[PDB]
Every structure is written in C-alpha cells, then in structure tokens.
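Residue numbers (PDB author numbering), protein chains in the order written: chain Y, 38 to 94; chain 6, 355 to 455; chain Z, 14 to 87; chain d, 6 to 112; chain c, 5 to 41, 64 to 116; chain e, 29 to 169; chain f, 10 to 176; chain a, 16 to 129; chain W, 71 to 156; chain 4, 1 to 458.
Built from N, CA and C at the ideal position, the CB exists for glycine as well.
A short worksheet on the structure shown next.
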Amino acid sequence: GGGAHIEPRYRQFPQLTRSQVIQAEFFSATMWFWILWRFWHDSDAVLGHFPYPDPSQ
Amino acid sequence: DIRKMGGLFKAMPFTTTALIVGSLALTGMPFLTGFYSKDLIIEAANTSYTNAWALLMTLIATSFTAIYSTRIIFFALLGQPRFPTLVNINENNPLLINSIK
Amino acid sequence: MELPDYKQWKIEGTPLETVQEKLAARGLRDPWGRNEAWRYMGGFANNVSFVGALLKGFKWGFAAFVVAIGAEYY
Amino acid sequence: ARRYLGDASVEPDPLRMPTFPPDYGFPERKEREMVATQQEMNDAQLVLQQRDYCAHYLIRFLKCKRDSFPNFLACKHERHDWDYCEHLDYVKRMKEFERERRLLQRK
Amino acid sequence: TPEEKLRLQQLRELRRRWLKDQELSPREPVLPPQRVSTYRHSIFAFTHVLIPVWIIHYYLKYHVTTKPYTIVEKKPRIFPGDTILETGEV
Amino acid sequence: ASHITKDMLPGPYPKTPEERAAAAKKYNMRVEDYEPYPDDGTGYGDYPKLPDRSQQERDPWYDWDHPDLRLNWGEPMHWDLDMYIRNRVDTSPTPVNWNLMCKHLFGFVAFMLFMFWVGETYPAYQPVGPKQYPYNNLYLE
Amino acid sequence: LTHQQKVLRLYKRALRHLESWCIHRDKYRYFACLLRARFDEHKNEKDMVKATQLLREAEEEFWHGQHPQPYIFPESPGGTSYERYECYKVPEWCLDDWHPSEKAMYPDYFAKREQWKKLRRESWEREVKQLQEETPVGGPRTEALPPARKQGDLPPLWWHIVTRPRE
Amino acid sequence: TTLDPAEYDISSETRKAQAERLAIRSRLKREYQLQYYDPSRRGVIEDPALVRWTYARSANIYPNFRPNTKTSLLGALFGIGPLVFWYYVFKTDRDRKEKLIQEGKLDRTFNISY
Amino acid sequence: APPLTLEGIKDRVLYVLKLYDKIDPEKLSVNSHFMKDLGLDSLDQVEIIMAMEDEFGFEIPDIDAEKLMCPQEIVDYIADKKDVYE
Amino acid sequence: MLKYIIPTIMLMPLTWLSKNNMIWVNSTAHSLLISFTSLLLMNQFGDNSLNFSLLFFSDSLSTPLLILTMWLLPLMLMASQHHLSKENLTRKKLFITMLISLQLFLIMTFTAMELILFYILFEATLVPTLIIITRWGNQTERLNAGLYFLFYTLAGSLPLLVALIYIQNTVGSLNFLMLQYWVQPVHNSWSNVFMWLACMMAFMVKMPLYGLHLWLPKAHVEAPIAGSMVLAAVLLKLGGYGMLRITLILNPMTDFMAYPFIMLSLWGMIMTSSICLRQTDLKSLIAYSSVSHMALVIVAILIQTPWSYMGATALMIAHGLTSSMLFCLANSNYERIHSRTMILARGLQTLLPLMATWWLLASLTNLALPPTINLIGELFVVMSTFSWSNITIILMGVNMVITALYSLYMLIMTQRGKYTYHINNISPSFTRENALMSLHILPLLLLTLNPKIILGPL
C-alpha cells in the first residue's frame, strides 16, 4: 500500500520526531518573550490622576 | 466529543501550544494580539449613557470567556488519556505545520 | 504484530484504581480489572496539571528578558 | 454656544461654529480659552470631535507621522503630552460637577 | 440460536467470495491507453500576473480623462508645513 | 392499469369489514383500530373510507428499526397512511411542556425598568433630591 | 418481545447513559458493581406480577436522570458523521451503460462478472419453486431453508450477498 | 410538548392472542422479495399503497364531498374572511396618505421618483 | 486506509476475554460455546459486549446479542460490519 | 410582416412534402433559421415606434416579446420527440402542422395594429390547443380538461365583442391603436363599470386571479407527451399582455374600483404558492408556481406609474423561460420512470451526475439571485408598488420567503440515497436530454449583460 512509515500504538505512547517539539518550543518563547515589554515599561494603568476638583470657589 | 480526549501531551506538542496561545488570547488580551480590541471597549464606551444593565450584563459575559476556554482545555489537554486503543497519531505533516506556523 | 499481549499491566499503582480496596468493604473486586487500567500506567502517570501546563517551562522569559536590556543603555 | 446670534452662511454640521466650537465653554475660566485658526482647521482634513480643544497641538502630531513613513514610532512623549493637553483639558472639565454640586446646594 | 448454521456461513464463503473477486490491481488496470507525449517556471508567474497588469492599465491610461467624472480621489489634507507658521504649541 | 375499486369509495361505514381487508389492508382483522374508520367529523368529503387514518403520529423515527427498512428509506410494501409532514418531525423530548423561555424572554423584561434609568457613572447615586442637575441649574457666570 | 429478555434493553442502556455522566474512566468503573448491586437483590423469584415491580418502577428513576447528552458512538443510529459518506454509496450495477472504449479497463474484472451471473442466470427452477413448497400458507419470516437443502445459490443472490461496501 | 409520546404503556399478558399482525406483513415481504428478486425485470413495481395514496387524496373528494356539516361551511371563516380584512386595511390608507398630499406637503422637493 | 486483518480480532477478542480474572486464561477462546460461560442469563451476554465496545466502538446492535453463543460467531460478523477480511 | 408569416407558412409544406424519417431533421433545420429573420429588421426603435404597414406594426411598442415566440417552435421537436415516435407518419405529419398552425397566429397577434384583429386572433387559438390536449393525452381525465379549457377562455371573452363593437361606433374608429390621439375619459355611472368590467375580465380568466384559475392545473397535470404543447401554453398565458394596450388608455381614469383586483390577487400571491408545498405530483408542483409570480403582474399592471412597466415587462418573459424549462426537466425524468409521483424518483444525483447542475440553475432562478433578470424584474415591481402604500412590503415580502422553501424542497427531494428497486433509469441523458435542456440557461442569463433589450417604453 502506501507505506509503513510510522506504526500505530497499543497505548505504548508513540515516540515523537525530536524535531517536532523543539521547533515548536521556539514558539513558546514568542509568547513569553513578547510578554516582556508589558510591565516594562507600562503599568497597570498609564493615565494621570484626577485631582478631586476642590476649587468650587 | 469532549469526552474521550485525554491530556495535553501525547504526540501533540505543537498544536497544544497553538490552543493555549489563542485560547489565552480570546480571554481578554493581557499583552497579546487583540489587546487593542476587546480591551479598549469596556474601558472607553463604558463611560457613556449606557443602559446600566449591559454594564451588569456584558462584563458578566466576560467571565464565561474563561470557562469557555478552560473547559475544552481541561477535558482535552488535562485529564488522563481516555479513548480506545489503536490510535495512530502522527503530527509530522509538512502540509499542516506549514499552515499553523 | 502480537504486540497486544497480556500478563503485563495487572494493576499495581494508580491511586485511582486503589478503590478496589474502597469497594472491598463490599467487594467485586477488580474483575474485569485491567481493561480500564489498559493505559492507566506508563508515562501517563505524569500528565502535567495547572499553570505549569500553560507555562511550558517558562523558558525564555526570565533568561531572555534583559537580552535586549541593554547595550548602550546610555 | 457662547454667541447665540445668527449665521451669515447657513452651513450646518457646524461649519458655522459659534466662533470655534467648544465642548461647552466658557463660562468664566476660561472666558476666552482660545483654540486654533479655523481657516486652517477645515483647510486640512479634520473630523468632527477633532474640533475640540487641543487642535493646534494635534495638528503637529500628524506632521511628523507623515515625516518618517517606514517607521512605527514618531513621538511617544507628544502622544503622551497629547493627554497633557487633553487630560489637562478633560480634568479642567471634571470641575463642572464640583461647582454645580456645592453651588446648587444650600445658601 | 443454532439455526443459522447452514446459512450465512455460506455467505462467509459468498460475501467474502464476492469481495474476494473484487480487489484487483495487476497489469495496470488503467490502460491508460494512448497517447504521447523548479527554476523556470519563471514565466508561469509571468503568464499569471504580467498578462493582466498590462491589459488592465491599457484600459486606464487611455481612460481616466475620457470619463467626465471617473475615479474620485480625495484631497491632499495639507498640514502647516507649506505656507504656514504653527504658531503653537500651546 | 389497476382495474376495479382503486381507492376509497363512499364511507365511512360501508360494511367496515368489507374494506380492510378486501384489498388495501390497513387492519388485518377489520378491527385493528386500523379499520377504514377514521372519518371523524364527516360531511367533509375529506378522507372517505380510506384504508387509512388516524393511525398515530410524531414520526417515522428512522433508526435501526431493521426488519428490512421500516421507516423513511427502503419503502416497506404497503402501509401508507398520511405523510409529507414526515421528514420535518420527530418524537418525545426529555422535559415536558415547560415554558421557561417565555419566562427568560421576559426575564430581561424585568430590566425594561432598567431602561427608564440611565447609567451615568460620575458621580455616584448619593441619595439627593434636588441635587441632580444634568447640565445647569442656577446662574451662568 | 418475550418477558424474559425485557430487562436487557434496559440493562443495555442503563450503564450506557451512566458513562456519559461520569468523567474519569475509573468513575464509570468504580460505580460498576456498586450500581450493579441493585439488579440481583431479588435474583430468583416470580416472573409475573411479583417481580413486575422490577419492571414497573424501573420506568421512573431512569427517565428521571435521563438526557445528559449521551455519548453517541459516532457511526450509528444517530450523531455526527454516522451516515456521512454517501458520495460513493456503491451504486452496485453501475456496469450497464458504457459504450466501450470505456470498457477497455479492468478486462479481468469484466470477465469475472459474467461468471457470477450464471448462478443467477438459472438458479431459479428449484430456487423459486421450493419457496412454493417451503412456506405452506402464511409463513412468518421469509428466509428459505438455511442451506436450501443442497446448494443455496446464493440463494439470496445477489442483492443481499453482493451488496455494497464502505470506505 | 408534542408529545409524551408514550414510549411505555400497559401490556402483559392480554392481547397476546393478537398475533398474525406480522403474518399480514410477513406475507408481503416474502411475496415482495419474491417479486423483487428475479433475473429479468427492468422496471418499477406496482406498489398499490402509493396508487391509493394520491388517488384517494387529490381526486375522490369532491365526489365524496357533501355541502352539509357546518364544519364544512367553516371555510367562510377561512377563505373569504381575511380577504375582506385586507380591503379594510388598505382602503383606509391610500386615503389617509392622500388627504395629506393635498393640504400640506409631506415630501421633499428632491423626490422625482416615484 | 488503516490496515485491518482477521488475526487481531481473533487476538483482541481473545485478549480482553483473557484479561478478565472472572475467566481463567486456560479456558477455550475461539469456541467455548459461551453457554458454559453464559452464567447467568444476564450479566454475561450483555456484560461481555460492554468492554468489547471500548476498543472498536460501533453500537453493538441489540438483535445481534443472540449470535453471541459461539465465540467464533461474535468475531464472525464483526468482519462484515467494518468491511473486514476478504 | 410578410417577411415572417410567409416563410413560416412556407414551412408548412416543407414537412409532409418530404420523405420518411428525414421529416424531423428537415423542419428543425429550417425552423431555427427563421430566427435570423426574427431579429433581422426588428430591434429598430426605440423612440417613435416602428409601424411599417397599414394593419401591421410587427412589434414596436417596446414589447419585443416576439423573439421568444419564434424560439419555442424548434424547441418542440427536440422536446416532443420521445413517445410520439410510436405512431404513424401521416399522423406525425399532422402534429407538426397544427403545432405550426399555432405559431402562425402568435406572429399575427402581438402586432395586430389594432383591437379587432387582436380579438378574433385572440380567440383564434383554442382551435389548435384544444386538439393537442384531448388527443395525445395520457390519463383519461384529459376529456374534462378539454371542456374546462373552454367555457372559461371563451366564456367571458364574448363580452369583449359586445364591448369592442360598442366602442367602434361610439368614438371614431378603433381601427388603430396608434391613433388614440383623441380619447375622452370614463367618469362614472352604473353603465361604465360594466364597460370597464367587460373590457377586463376576459383577460383575467387567462392569467389567473386566485379565483377562476380552477382550470390551470387541470390542463397542465394532464397534457401532451413532452409538455409538447405545455411549453406553448406557458407562452399563451402570459400573452394576455394586451391589457397593457388597453388599461394604459381607453378608460384611463377609473382606478376607483381597482381594489377588488388588488387585494384579491395580492392575498392569493401569498396563498396559492403555499398550497403548493404538500403536492404529491410533480407536474402539479410546477403548475402552481406559474400562477404565483405570474399573478404578481396583475398588481403591476393595474397600478400606473412606470417603474412598474420597467418591471412588469421583464416578468412576462422572466418565467417565460424558467417556468418553461422546468416542464422540460420533469418531462425527461418521467421518460425513464413512468410515475409522475414526486416521491418515487428519489436517489438521483448519483446516477445522472451531469443533470445535477441543470436542476440547480433552474431552481436557482425562482430564488432569483440578484444579478439575473428575475430580481431586476422584481425590484422594479417593489419600488413602485411600495410607493402605492408602504404596507405592500409585508405580503410581497413574504412571497420572497415561502418561494425559497418552495423551490429547494423540489431539488433537495432528489438528493437522497435511493438505489432502491429501479433497474430502469440506465440512459445517462442522451444528448437531446441535455441539449434541449440547454438553449434556456444559456440565452437566459446571457441577457443580463445588455439588459436594455427587455424593457417597456415606460
């Protein structure tokens, strides 16, 4: 037929290709590195604060 | 079916990273993609003549945005493997991995 | 091709399969024991749980954080 | 809405401003707060609710934006100071619930 | 029930007998029959895009001034970088 | 070219045992409660003797149901009674006759009153009386 | 349905709707004997009204506790991608209208077909007429003698015997 | 709601004398397959239940009809009824809209169409 | 596309039926007639098809229960369902 | 003009005069040719309409409508061929003659120059049609379709000739439409209603209102072999256009009573399409389409104010094709399986794959996807009939819903698995099956490119 290139599993938990996961894991950085600049430099709110307009005079 | 799924890693290393990125992103965008989309709404138009119900109503829907995700994450990516034997899974697929990436 | 051979699992392990003891106060006990215990063991005992599932090592974060911080840097 | 008198030209979508449209104004501070030149206000392309305060200021913002085309950042201090023009305006307009609060109370 | 003995075990030698007849692939059973008969691959992208890009613009350069009011393109949105002073900054 | 007595004739009582089954067996014994009776409320020419009606309803159910075919595909020889609404209808649900939807569809109707108010955030409620003042109250300057 | 086997159709589904309620694979397994306990509580007693209360009250406590969206076993009487593949369906006897030059292909297969027909060309004279001997008058379920007493050819030929496969 | 639909009822043991409800059908599927399996046919089957399905439905009513029961004089509540209604709705409009087109001008002057 | 044969079905069915400690794995596999291992009327026939559904997983029709006397009979027609051996 | 009647009557002894079986191809060959003549001098103006003779202006009028009429003839002999090959040649020579004998008057009519050549030629059919229905029927219920087809059409069209002879001697001469340049109005009386009612109701009994259509499915359900004259009787009906020549003038100013023809057919339009959903006979199912979005023109015509004639003309020839072609499908699929019962044919679309896209493009043009003629013929209806009163948007807005469930249920009934017992249905649509089924969708959609050739003057 087509080919044998991988056999199935009886729940012996098949093996990976070893370039399958590493090539992916470099994209586990792109969320954890690109999350860098969140708190640097930005705070929970970069706003300025309303100073309670006391001068009703 | 969300039954008979199993856990996060059985020969699905890359695709399960695609879920937990996106399915995180849709949750209110902490630094991610739509950080300018859902986030710039309830913080802007929320100062207006709003019906004082949608404020109650909408922001509550924001909650379920978590349990939307985490449910289909935790039955598929979390629990013990459950599904009949002879499972052939192969993720090495040039015509697929090319697409997600 | 004879790979699905018996005389293999026959539960020892599986704190979830220790309810055979829990039901021994009534008793059945296991039988049939190892069917739901087919894959119960092996590398399926780990199954990474909460945020460590969605961290995936937190690898590049605290190592590559200052990777750009910083070269001049004044 | 300061001067309520008529309009020589009838052009609505207030191409007839009172003089320049404020948000409300004045009443006292600032009696004449002063904005920008109208002849240049709609001479450029300027949307409505771009005719509020800080017109002079924000007309410069886009000037540099058009300067460096293959660039993602022009001035993050000006856009920051664009609040410092606007935030200062808006907070100056947070004072209208302060006066009416204690002014419309007992006397 | 026992009674199905003489029956359907004929089918096992009948159904699986038809299916037995079924699977065939020697001698290339598509004859086909007859008959006769990447770097470049640089004109395929050219026959693709470069034929239209010619044709479409030949319908424009000869055109835009033909229609009395054709494409409507908007104003330049001039900024005080030409004849003007600022003057603020205020 | 079926010759004589093709379909129903002037019932619905012309010797009930003569019809089912002379031909067209709706009932076996002429009483299955399939006897060509169901001319309920006659004088309406509708459904004469008719080796036919009120045989029950809600679907052919289209499942294993496998003597041969038995429902919507495979066409058992002759049962046909009434049809043509049967390809857009099924059987019993889990609950029964609870309109909680008119409840929920009116659930928000509670919040109609939440419409007559506004949501203005700043300032708070601060129980007031004559403090409201949307725009102005007293003198301008 | 004979009164004996009437619990089976419940005994089949009873645990069936159970598993779609439980989550962990042990959960189904741990409640097995525990809920299995209730069946044989009265194991041997009357077939009639005495134990009909094992049928009678089985109605409630089942339908009550029903529809947690059961697991449907996808290819089956219902549920997703069951009858899915009809784009083939194997229209057996597609071999009629051809206009050869479309018949050049599979010559060995065209040879085989006309060899099957000889059975159905004449198997009848004793195939049909035996059904006039076999069923005396009003016979219930209609299959022939299981052998047909010497060689069935097929006899049910070929509509049930050659019928269409799945891919 | 629509319907119970009675997936359990009384039984057991009465009406176990009722048999040959299948003998009715079992006769045919024997005869039908006795029809349906033959070498030389090439054609559709009579299937009388279909012949008696249309012909006892489309035709064979005005023959069966009688104009008597006042549940067959019902239709005046159905056929003519709303057809009067649609006159009542319209004829008020086309007038209410007309009166204003004379005294007072509702439209604008950039309506040429119509 | 997944390759299927008639051996595994003689093995798998032999397998889990030999997994249950209720059955000694010296007992007959292909033919026991199952009436020796039918005890009792219930809790066998429908009991044994409870597990065998957990591997293949098509529906296990009701009226096919009474074919389950012969241990070669169960494996017999499972070939005809999923389109198994030639 | 004689450019047309003379060759098409010259056709008449092109047929019998021939030999044996060459006959069909002999006349089908020529009968196509006349279509060059059809356009030939036609599709002149335009403005200040063409009248080339005393008693003929062929079609100027911007009601071109005549080019189709000359199409459908050599679409019949490709259509009608199936079971008519089984009786004698001297009879087969007849059925081609009377069929032409129809085609000759439909060229005479639509021109007519006047009222009184119209009528005697408006009633001049029913001699050729009635003879095709009664002979070469199928069922024995045909014999009643013979009567019902008369005793309506003729029943109230006699009050024309009482009225049109009443006008001829009242005001000047009706000899010519092109002189109405003197027309006085019709104010009111208990006499003039009748005049307006006599000059009208004869036309309604052809294009049905929801009353007095009782004949239309009686004749179509049971009717000749191929739809051989059933394609023609879907030309005949729409040819009640002449109400466009009258009601424009010749009692212009009574709209007073229009309302019983509005609210009567406007609530039937939402109606008889809905009594078409449970039909068990297919050539019935199409016959009730033909009422529905035909009967929409009767609320287009009565209202004045063009943008209706922009949209009322496109409709007469809108379903002129689509409603034609469906009777051509349901014929073919009937050749193979001899029941017209819709249920019986199922499990097709596997066995005749190429004829899949034929059903679809047909059933898609009742849906009226926006680009084709169909909508651009409906959306000039809704635009004026909205201005009448705003509420018309509802009912005729419902028409645009029930008609969509209507069409699909006819296609989607032929997507199912059925192998079932049929050993028939082998023929994989030999070319004529798919040839004559074309020459509809090719010419139909095509017109949308330059659709100024189907429009009125307004």
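For this session: Just the chain a side, please: which residues come within less than 8 Å of residue 86 (chain e) by C-beta, in chain order?
Result: 17, 18, 20
For this session: Quick one: using the 10 Å Cβ neighbour count with 16 as the cut-off for buried, is residue 59 (chain d) buried or exposed?
Result: With 16 or more other Cβ atoms within 10 Å, it is buried.
For this session: Grab the span of the alpha helix (DSSP H) containing residue 145 (chain f) for me, first residue to last.
Result: Taken as a continuous stretch (DSSP letters only), residue 145 (chain f) belongs to no alpha helix (DSSP H), as it is neither H nor E.
For this session: Jot down the residue ranges of each uninterrupted alpha helix (DSSP H) in the region 214 to 268 of chain 4, minimum 4 residues, whole runs only, in chain order.
Result: 216 to 221, 233 to 236, 243 to 246
For this session: Within the region 307 to 345 of chain 4, note down every full alpha helix (DSSP H) run reaching 4 residues or more, in order along the chain.
Result: For the region 307 to 345 of chain 4, the full-length alpha helix (DSSP H) segments reaching 4 residues or more read 309 to 316, 319 to 336 along the chain.
For this session: Express the C-alpha separation of residue 4 (chain 4) and residue 104 (chain 4) in angstroms, rounding to a whole number.
Result: 9 Å
Problem set entry | Distance between residue 58 (chain e) and residue 249 (chain e) (C-alpha atoms, nearest Å) | Any property of residue 249 (chain e) remains undetermined from this structure, which presents chain e solely from 29 to 169.
Problem set entry | Where residue 137 (chain e) falls: helix, strand or coil (DSSP) | helix
Exercise. For residue 47 (chain Z) and chain 6, any beta-carbon pair shorter than 8 Å?
Worked result: no
Problem set entry | Partners in chain W for residue 438 (chain 6), counting only beta-carbon separations shorter than 8 Å | Contacts between residue 438 (chain 6) and chain W, judged by CB atoms closer than 8 Å, involve 124, 125, 126, 127 in chain order.
For this session: Could you give the DSSP three-state label for residue 34 (chain f): helix, strand or coil?
Result: helix
Problem set entry | residue 78 (chain W) to residue 275 (chain 4) span [Cα, whole Å] | 59 Å
Exercise. DSSP three-state call for residue 281 (chain 4): helix, strand or coil?
Worked result: strand
Problem set entry | Contacts that residue 113 (chain f) makes with chain c (C-beta to C-beta distance below 9 Å) | 35, 37
Exercise. What distance in whole Å lies between the Cβ atoms of residue 299 (chain 4) and residue 272 (chain 4), which are believed to be in contact at a cut-off of 8 Å?
Worked result: Contact flag wrong, Cβ pair sits at about 14 Å.
Problem set entry | Outcome for residue 454 (chain 6) when other beta-carbon atoms lying within 10 angstroms are tallied against a minimum of 16 | Exposed.
For this session: Could you tell me whether any Cβ in chain Y is nearer than 8 Å to the Cβ of residue 71 (chain Z)?
Result: yes
For this session: Thinking residue 336 (chain 4) and residue 251 (chain 4) are a contact (beta carbons under 8 Å), I'd like their distance in whole angstroms, please.
Result: Wrong, their Cβ atoms sit about 53 Å apart, outside the cutoff.
For this session: Look up residue 104 (chain a) in the DSSP assignment and say whether it is helix, strand or coil.
Result: helix
Exercise. So the alpha helix (DSSP H) residue 109 (chain f) belongs to, where does it begin and stop?
Worked result: Segment: none, residue 109 (chain f) is in no alpha helix (DSSP H) and carries neither H nor E.
Problem set entry | Status (buried if at least 16 other CB within 10 Å, exposed otherwise) for residue 136 (chain f) | buried
For this session: Kindly identify the DSSP beta-bridge partner or partners of residue 46 (chain Y).
Result: 441 (chain 6)
Exercise. Does the beta carbon of residue 147 (chain W) sit closer than 8 Å to a beta carbon anywhere in chain Z?
Worked result: Output row for residue 147 (chain W): interface = no.
Exercise. From 364 (chain 4), 167 (chain 4), 153 (chain 4), pick the residue whose C-alpha is nearest to that of residue 406 (chain 4); which is it?
Worked result: 364 (chain 4)
Exercise. In terms of alpha-carbon separation, which member of 305 (chain 4), 293 (chain 4), 281 (chain 4) lies closest to residue 334 (chain 4)?
Worked result: Out of 305 (chain 4), 293 (chain 4), 281 (chain 4), the CA that lies nearest to the CA of residue 334 (chain 4) is found in 281 (chain 4).
Exercise. Using a Cβ-Cβ cut-off of 6 Å (strictly less than) and excluding sequence neighbours within five positions of residue 99 (chain W), which residues of its own chain qualify?
Worked result: 84
Problem set entry | Given residue 151 (chain f) as reference, the closest of 23 (chain a), 44 (chain a), 109 (chain a), 16 (chain a) once Cα atoms are compared | 44 (chain a)
Problem set entry | Terminal residues of the alpha helix (DSSP H) in which residue 422 (chain 4) lies | Note, residue 422 (chain 4): premise wrong, no alpha helix (DSSP H); not H, not E.
Exercise. At a Cβ threshold of 8 Å, is residue 215 (chain 4) touching chain a?
Worked result: no
For this session: Express the C-alpha separation of residue 75 (chain W) and residue 20 (chain c) in angstroms, rounding to a whole number.
Result: 13 Å
Exercise. Using 8 Å as the threshold, is the region 225 to 233 of chain 4 in touch with the region 185 to 200 of chain 4, meaning 3 or more CB pairs across them?
Worked result: no
Problem set entry | Three-pair Cβ contact test at 8 Å for the region 400 to 416 of chain 6 versus the region 138 to 154 of chain e | yes
Problem set entry | Short-range partners of chain Z found in the region 96 to 122 of chain f, where Cβ spacing is below 7 Å | Listed by position, the residues of the region 96 to 122 of chain f near chain Z (Cβ gap below 7 Å) amount to none.
Exercise. Going along chain f in order, which residues have a C-beta closer than 9 Å to the C-beta of residue 357 (chain 6)?
Worked result: 28, 29, 32, 80
Exercise. So which of 312 (chain 4), 90 (chain 4), 285 (chain 4) has the shortest CA-CA distance to residue 295 (chain 4)?
Worked result: 312 (chain 4)
For this session: Pair every Cβ in the region 116 to 132 of chain W with every Cβ in the region 106 to 119 of chain a, then say whether three or more of these pairs are closer than 8 Å.
Result: Proximity of the region 116 to 132 of chain W to the region 106 to 119 of chain a falls short of the contact definition, fewer than three beta-carbon pairs being nearer than 8 Å.
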